[PDB]
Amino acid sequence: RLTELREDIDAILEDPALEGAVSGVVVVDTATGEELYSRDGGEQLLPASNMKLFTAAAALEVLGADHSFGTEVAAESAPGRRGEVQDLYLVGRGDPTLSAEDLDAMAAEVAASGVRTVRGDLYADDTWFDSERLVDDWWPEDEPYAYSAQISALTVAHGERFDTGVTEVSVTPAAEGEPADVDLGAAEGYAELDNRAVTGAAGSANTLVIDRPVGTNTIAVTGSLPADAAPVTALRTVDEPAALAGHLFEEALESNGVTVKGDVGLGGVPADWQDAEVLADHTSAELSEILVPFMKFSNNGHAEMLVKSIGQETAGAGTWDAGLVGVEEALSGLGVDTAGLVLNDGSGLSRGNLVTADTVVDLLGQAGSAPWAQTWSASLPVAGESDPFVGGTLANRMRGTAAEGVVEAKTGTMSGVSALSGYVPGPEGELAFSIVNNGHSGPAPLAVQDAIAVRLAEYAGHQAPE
């Protein structure tokens, strides 16, 4: 039975789609410590988003399941009889789920607390982390897309998925031959518009490209949208998330009857402020709850912010250098051998990251007996579950198989890297597995990973739901 399983997995990895790839595959029974299957377990490979497994475990170790993040509005003293303040400060301490509604609810507080006029300027203070926005080796050409959003302690998160530091762009066709309408979302009046797009004839080809040219805060829209095409929406990052959060706050203020007479810009609460007047605050939900959208959908913003938040907890330094050491320390504290690990970011976006399949399984083991185990697995995608906040990146994989509803694992994909690691529970034991593929040339070997996951589900005594 053990050997049958082994031979099957051997054959599954015989797949042509893994030509010239190195593949780390490790499976361990977690009740007993038995090594059911091991191949290139010690080989160092890029992990893509499997890196979050590490990040998420450290954050729970360091910040705690119950941790929350705050944001405040501050003036040098409370407002007058006349309800006036000079400069106003929006100060973010790394909430990765600050919505536009929260900015609105905070603008109402500022009004309820008796401010009717900001006489001076409004500043957005994201100084709680440093201003290193992107990791060294992240690719400039990727900077327009949501997963590559700049990192700040003050960032507005869009939608129920909480994609930070982006804006929704929507392009509606008009009459054939007239320019397409471009709607910039939250970034209206913040990010610049270069609209070159046109409405093509009904039934013609869709060639619409939405971009943000490197080193600009301009949304450049080119190509042709068919007169009859459905409106197109795209998440595009903006330069300086905090300044957009600032921009949005001025609008929430004016909206809640508070007139801002100055400019909007970046700035930290001055040192020479004796006893700042906190005129509004927001508290995020707790880390346990935040893990869901972070891990289910592989949020890269959330990952880096958690790192910088760890840097803050361990060293009062909201920094990659500080946070990564923080992660490695936490993981050691956990019992994980971090020999094979090379940490270059929290998200896995970076090609400077290295894991081994043994280390991953190692982590999976330790996380299983940690007091925060449950909130940890709850965050992982569940195979073939169609409710996005349950299935996450595994929503449309392995449906109608023994793995459906059972396998909990994290995914990982970019050019020539794919990964799947997590658990198979069952009538046998709770299995921890890691599959990391590097160097394949075609599409990610998703079928190959599925096959393994499914056979492990069957080995743990599961059957495909019909």
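Just count from 1 along the sequence shown to find any residue number.
Undergrad: Per the record, averaged over C-alpha atoms, which has the higher B-factor: 252 to 260 or 341 to 349?
TA: For C-alpha atoms only, the mean B-factor is higher in 252 to 260.
Undergrad: Averaging CA B factors per stretch from the PDB record, which one is higher: 329 to 337 or 313 to 321?
TA: Higher of the two, by average CA B-factor, is 329 to 337.
Undergrad: Among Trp273, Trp128, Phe297, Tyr145, where is the Cα B factor highest in this entry?
TA: Out of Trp273, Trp128, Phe297, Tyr145, the record gives the largest C-alpha B-factor to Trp273.
Undergrad: How does the C-alpha B factor of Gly92 compare with the rest of the chain: lowest, middle or highest third?
TA: Lowest third - that is where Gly92 ends up once the chain's C-alpha B-factors are sorted.
Undergrad: Comparing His247 with the other modelled residues of its chain, is its CA B-factor in the lowest, middle or highest third?
TA: As the PDB entry reports it, the C-alpha B-factor of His247 lands in the middle third of its chain.
Undergrad: Considering every modelled residue of the chain and its Cα B-factor in the PDB entry, is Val62 in the lowest, middle or highest third?
TA: For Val62, the deposited C-alpha B-factor lands in the lowest third.
Undergrad: With respect to C-alpha B-factor, does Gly70 fall in the lowest, middle or highest third of the chain as deposited?
TA: Answer is lowest: the recorded C-alpha B-factor places it there.
Undergrad: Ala229's Cα B-factor: lowest, middle or highest third of the chain?
TA: Answer is highest: the recorded C-alpha B-factor places it there.
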